[PDB]
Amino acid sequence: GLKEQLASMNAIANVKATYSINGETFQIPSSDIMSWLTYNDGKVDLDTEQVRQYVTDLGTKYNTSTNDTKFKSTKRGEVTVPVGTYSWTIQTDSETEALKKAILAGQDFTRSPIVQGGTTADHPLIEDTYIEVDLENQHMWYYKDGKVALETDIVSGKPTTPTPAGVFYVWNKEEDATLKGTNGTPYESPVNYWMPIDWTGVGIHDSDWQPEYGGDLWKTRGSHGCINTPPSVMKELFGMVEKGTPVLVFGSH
């Protein structure tokens, strides 16, 4: 029905296609959609090459796997936390087909895109719940639904083997575990509570062996990378922190 197909083309061009990605919300411009419209051998469709470009660019713009994260810190205002293990990436070919299908349906819509990674793009990467590790002030907070639920001085890694910055997360929890390391070569360390955040096996754990925790102590008594924590505190922390909670670690540019 050419009559019907042309009415289809009208509708399609007039669709309000809205994306919600990492918190930002926006509408795909009507001019971009009229561009993409096609009609060939009696079939209405969209120019895949062009739609795929658009979706590729969404990736370039928004992907938390390749774009750092602006973070409102506790002591320093808005800082930039670099990419880490807690991230996601838009799957270009899946999203391209999904977006075409949505648009050719010709009904107004909102979507967040198809991604692969630690969470989805339907919400901002960081929300009201997270662990903040301010490496400069050498101090750590656990925020839960907006409010600080616990805080403490810590000891980061020594300057030869420093704690890296990035948007990390608690990917596992383990009790009475025993960690392996290197110095001239092999060594060990038993720990009551262990929460890794990184793929090189950085993580947050208790320290019997650190007598005090604070400001300068890291320069001489620093760790191999991990975040040494008061044992009375670390227990109480492991108690309240769900697996999957993000951990933001940062120091001064």
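The first residue of the sequence shown is number 1, and the count goes up from there.
Peer 1: Can you tell me whether 142-150 has a higher mean C-alpha B factor than 174-182 in this record, or the other way round?
Peer 2: Per the PDB record, 174-182.
Peer 1: On average, which has the higher Cα B-factor in the deposited entry, 40-48 or 202-210?
Peer 2: On average, C-alpha B-factors are higher across 202-210.
Peer 1: Looking at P190, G59, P29, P196, which has the highest Cα B-factor in the entry?
Peer 2: Highest C-alpha B-factor among the listed options: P190.
Peer 1: Looking at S232, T245, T18, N22, which has the biggest Cα B factor in the entry?
Peer 2: Checking the PDB record, the top C-alpha B-factor among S232, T245, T18, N22 is at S232.
Peer 1: In terms of the chain's CA B-factor thirds, is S65 lowest, middle or highest?
Peer 2: Lowest third - that is where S65 ends up once the chain's C-alpha B-factors are sorted.
Peer 1: Ranking the modelled residues of this chain by C-alpha B-factor as given in the entry, is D108 in the lowest, middle or highest third?
Peer 2: For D108, the deposited C-alpha B-factor lands in the middle third.
Peer 1: Place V55 in the lowest, middle or highest third of its chain's C-alpha B-factors, as listed in the PDB entry.
Peer 2: According to the entry, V55 has a C-alpha B-factor in the chain's lowest third.
Peer 1: Compare the C-alpha B factor of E78 with those of the other modelled residues in its chain, then answer lowest, middle or highest third.
Peer 2: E78: CA B-factor falls in the lowest third of its chain.
Peer 1: Rank-wise, by C-alpha B-factor, drop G118 into the lowest, middle or highest third of its chain.
Peer 2: It belongs to the middle third of the chain when residues are ordered by C-alpha B-factor.
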